[PDB]
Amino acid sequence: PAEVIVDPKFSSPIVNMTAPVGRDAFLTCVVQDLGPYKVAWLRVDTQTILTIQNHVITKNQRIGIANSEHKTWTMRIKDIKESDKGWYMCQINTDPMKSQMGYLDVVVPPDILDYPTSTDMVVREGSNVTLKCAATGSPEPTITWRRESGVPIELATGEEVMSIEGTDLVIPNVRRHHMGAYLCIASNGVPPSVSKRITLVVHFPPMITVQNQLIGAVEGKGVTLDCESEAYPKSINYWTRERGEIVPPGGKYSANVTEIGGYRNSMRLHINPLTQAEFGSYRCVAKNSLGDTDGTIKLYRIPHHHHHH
């Protein structure tokens, strides 16, 4: 007698699946009136045979298959790897042959890469530098730069902002204030997000700021000459006099150099008691690995008293 065979068709296209790395994924393929025909799963890009009916041809022990009423055919991949992402094909041995496809995506939380990511930068003021931060993850992570302690960042237009996106933080014409700790942030919607601490150290030659370039004092009393230096790396601060003779530590002279954060020094020279020999022009000097600078202070005498005649 025998009977007529019906034309097997796909009930619906393969539904896309996104799966977390290291977990399991399930590619399903629904057919109608399969009857005597057979369903097959294949990896498209590799063109590798995976399953036929209820048999796993591939030796990949992470691959499995199972069907429901010969309608829903589901392939299971254990311990998902990023390699496993790609297109898969559901094929029926009809005549002609029918096939569907569906994409499996693997999501990975972001991870910052040591080699391609900047370590601890040391650049001279005036040159340019780019802080770099590279991460891996699925999808492609976004890179956000932030300055530690809420300090803003300035774009090329002069606008100040709190964050900058992009793997490269281009700083044309670095400056003193750009020195500090920077935060790189990589996020892709797959927790957890990650961040890396990148320090930027800026070298510059010392810069002296004389509190008062003119100072009058009376004989026999005391006077204090004041300067403030700003230099990184740290500088040595000393006082000279006239042609450059270093000031003698003994006798009337006394000094006090104290650091006050921000890589600034407060250098003070106290002369006491003033006599004619101690009046004249002085110099406060500071030097580091890049050079030295000075500021001149003129100390003149003013009489105790004045009479209008």
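Note that residue numbering follows the sequence shown and begins at 1.
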Mean Cα B-factor check, 154-162 vs 92-100, entry values; winner is 154-162
Higher of the two mean Cα B-factors (101-109, 229-237; per PDB record) comes from 101-109
Highest CA B factor of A40, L274, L34, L269, as deposited, is found at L274
Reading the B-factor column for Cα atoms of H177, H203, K132, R147, the highest value belongs to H177
The third of the chain into which the C-alpha temperature factor of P141 falls is the lowest
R283: CA temperature factor from the record, placed by chain third, in the lowest
Chain thirds by Cα B factor, record data; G22 belongs to the middle
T167: C-alpha B-factor third of its chain, per the entry, is the middle
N54: CA B-factor among chain residues, third -> middle
